[PDB]
């Protein structure tokens, strides 16, 4: 082998993990969701605020522990790939100079080259966009025969941003085909055709509309008589609605956004934020199960942290983009680095802990050192599995690490969003060991943390 599939372990229905008496309840109360929704609006609209600028980028808006100089990050990214060999989108070795043409097109000597007088660089996403660390659709893969490498691990791929996302326009490539933007806690390059600037009137009118959000993962927007293409509406989008018809921003001939009314008779959406009931969380969780794992949002399929950010956005609860920032900045992190497997299971299974964990409101994160994270999921409580009570989580994992007798690595592949035991694949440890593969249990991760969400920053 090397990459070895493992079966799905537990029932793929969030309602299996919700007691009947909780069905009709909300997970958090009115006061708490109001505070979370206010925080969401501050973070989500930060690029339209007077506080934001074209030089500084925050993984968590207004938290200066997360502040970065954009030009430095751009130069760091160029340097990172100039210094490396890898493989392209067709699995062919990159030419030795392939970054040079990209660096030229980035034209950083003119940074930032999009003027911003009267806040004219405020903008919006008009087509769902794959945010890229460099302005190229070409990939950077490590050797695709190495477990954990090849597709979907294109390291240029950073995030998936949905139509409607408030952004700021920073800098345009020399060929004008790419624009460097920031929004939703992400910085990077997108096709220029996927974004548009917005004017003061656009923002004023945006704030007067009722907003809606889709209730299914993907759906097709109507193709009108003169449309050239179908458009896909993705869960997580937040868009105006008037008289029951969705409005979507489209790029006008002058490059600015204007709202277009969509014929909405067959569309599936609801007023945003969605009510944070156990029922609604269950429906939304169920809609993501089976979505392929997409590193960095590759091909509009989410990764571990992107899945959670997306789910919570439907409810007006804001998480940062990546697992480390979620674990450390969505709440007060509790590190179990100094605690044994037995102690970790005592907390998550029996709730024997110094703290109280909350199903559907606690992130569990895992990593290879005390402070780093390489996986995250949403704690969902416990279930009976193989006549044992096990802790469970909603998550998007790629695969669990395996090691053979020669200390070579492998993966027990999952590759899709699922509800899983915390110890993904632990049930298969004995069978794997008989074929000389030792599964590295998530319960034994060097870094292992819980973060409650119920405290808004």
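Positions refer to the first chain, counted from 1.
**Q** In the PDB record, does 315 to 323 or 108 to 116 carry the higher mean Cα temperature factor?
**A** In the deposited entry, the stretch with the higher C-alpha B-factor mean is 108 to 116.
**Q** Can you let me know which of the two, 192 to 200 or 299 to 307, has the higher average C-alpha B-factor in the entry?
**A** Per the PDB record, 192 to 200.
**Q** Have a look at 158, 355, 274, 250 and flag the one whose Cα has the highest B-factor in the entry.
**A** Of the options given, 355 has the highest CA B-factor in the PDB entry.
**Q** Out of 241, 341, 154, 234, which one has a C-alpha B factor higher than all the others in the entry?
**A** Among 241, 341, 154, 234, the highest C-alpha B-factor in the entry belongs to 341.
**Q** Could you look up the Cα B-factor of residue 58 in the entry and say which third of the chain it sits in: lowest, middle or highest?
**A** Middle third - that is where residue 58 ends up once the chain's C-alpha B-factors are sorted.
**Q** Quick check for you: using the entry's CA B-factors within this chain, is residue 450 in the lowest, middle or highest third?
**A** Its C-alpha B-factor belongs to the middle third of this chain's values.
**Q** Looking at the entry's B-factor column for C-alpha atoms only, identify whether residue 293 ranks in the lowest, middle or highest third of its chain.
**A** Tercile = lowest for this residue's CA B-factor.
**Q** Quick one: classify residue 396 as lowest, middle or highest third of the chain based on its Cα B-factor.
**A** Lowest third, going by the recorded CA B-factors of the chain.
**Q** Could you say whether, by C-alpha temperature factor, residue 360 belongs to the lowest, middle or highest third of its chain?
**A** It falls in the middle third of the chain.
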